[PDB]
Structure formats: C-alpha cells, structure tokens
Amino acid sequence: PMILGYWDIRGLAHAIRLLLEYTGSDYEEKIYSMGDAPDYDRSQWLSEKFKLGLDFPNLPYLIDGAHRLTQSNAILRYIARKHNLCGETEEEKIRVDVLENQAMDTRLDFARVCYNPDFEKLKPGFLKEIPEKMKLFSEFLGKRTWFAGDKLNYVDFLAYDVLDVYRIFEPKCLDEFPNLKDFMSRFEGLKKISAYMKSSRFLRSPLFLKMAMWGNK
C-alpha cells in the first residue's frame, strides 16, 4: 500500500488524505508525533528524515511503489494523474494552476498569523482581511460546478481545505457568499468524502502544530 508521512495533525496533509479517500487509493499513514512544549521534540521525524530515499526530505511525503515524493502539491498532482482528476482543456488547466498556487499563498497568509507569537495583537487586523480574500474565491468560482469547470479536480480539495480552515477561524466568513457555501456542502457530501468524514479516521484536529497560538488543540 501507499505511505503518507506527516505529523499527527491536519495541516498540509489534509487535502491529500481527502484525495486519497475520494480516489479509493489503498494507503496507510506513517504518523510522526511531536513532543510537547517547550522543546517540541521532532526527533521521531528527524531520525529517519534522511533514511527514506527522498530527493528533498520533507513532510508531507508519499511513497508509491518506486515513486518517493515530497512537496504537498506534487503529491496531489501525482494522485490526480493516476486517477483522472486533472483538467483536460487548456481552460481548466489554467484555472487549476492559478488556484493551486493561490490556495498555498492564502494558506500561508493564515498560517503566518496563527504561528506568530504575536497572534493576539495581529488577530483583529487579519479578521478584517478575510472578506476580500473570500470574495476573490467566490468570484473565481462563479456559477461553475467545481472550481476548474464542470468536473471534480484535485484543486477542489485544496479549495475546500483552505476555505474550511478560514471558516473554522471565522465561522461567519462565507455568509455573504452563498455559492461557496453550496460548494462546501456539495463537496462534503460527495459520498466517499461523506463516508470518510463521518468515520473515525477523519482527522478533525489539530489544524496546526503544537507551537501554533491557535488551532493547536
């Protein structure tokens, strides 16, 4: 089976786990646990980081037969090619690439404040940035079924993930964008996704690592 290596949190592997369940992949998780504060012991991962035959050792990683991958986006793309979840036309391909890279910039905007020791002083300023972020995503989606067009694509998993994270931090953030509320519902009720979610191996939380000031659980 395939091995998904990541920390015992949601973070960067969540859209991957989401994809791995929708696609019917057989896979298992190599969970790395992090030591409690203050030292946040990473030695469980650091001890085998350079022992896995990874070109650029990192988390998350994925092993599939002869293929050993890092970089979360590269893994998503790998799973997508094996299981018909890329864009076909040039129009979808452009939308995929722009949204894939944009999701990561949007995720890091948010990660950078929650992981900041000064999160509480920076929290009101970031909360007022969120309406325009979400509005970009609502205008991009428009009247489409999925973000790339008619068909489910791997970027939809990225989009659901980053939107989920923002709406956990700010439960009212999608309220003036009904088309994104309908997107999240439609995604959560695919069927392999509903089954995964209302199952025990669905990792609700923590959203982030232990040293984060929010969503560390």
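Note that residue numbering begins at 1 and tracks the sequence as displayed.
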Checklist entry - Going by the B-factors listed in the PDB entry, is the mean over the C-alpha atoms higher for 65 to 73 or for 167 to 175? => result 167 to 175
Checklist entry - Once you work out the mean C-alpha B-factor for both 190 to 198 and 15 to 23 from the entry, which is higher? => result 190 to 198
Checklist entry - In the PDB entry, which of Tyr40, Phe157, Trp45, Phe50 has its C-alpha at the highest B-factor? => result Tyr40
Next on the checklist: Highest Cα temperature factor in the entry, among the options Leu127, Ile79, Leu108, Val96: which one is it?
Outcome noted: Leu127
Checklist entry - Taking the C-alpha B-factors as the PDB entry records them, is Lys135 in the lowest, middle or highest third of its chain? => result middle
Item to check | Within-chain third of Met211 by Cα B-factor, per the entry | outcome: highest
Checklist outcome for this item: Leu122: CA B-factor among chain residues, third -> highest
Checklist outcome for this item: Chain-relative C-alpha B factor for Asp55 (record values, thirds): the lowest
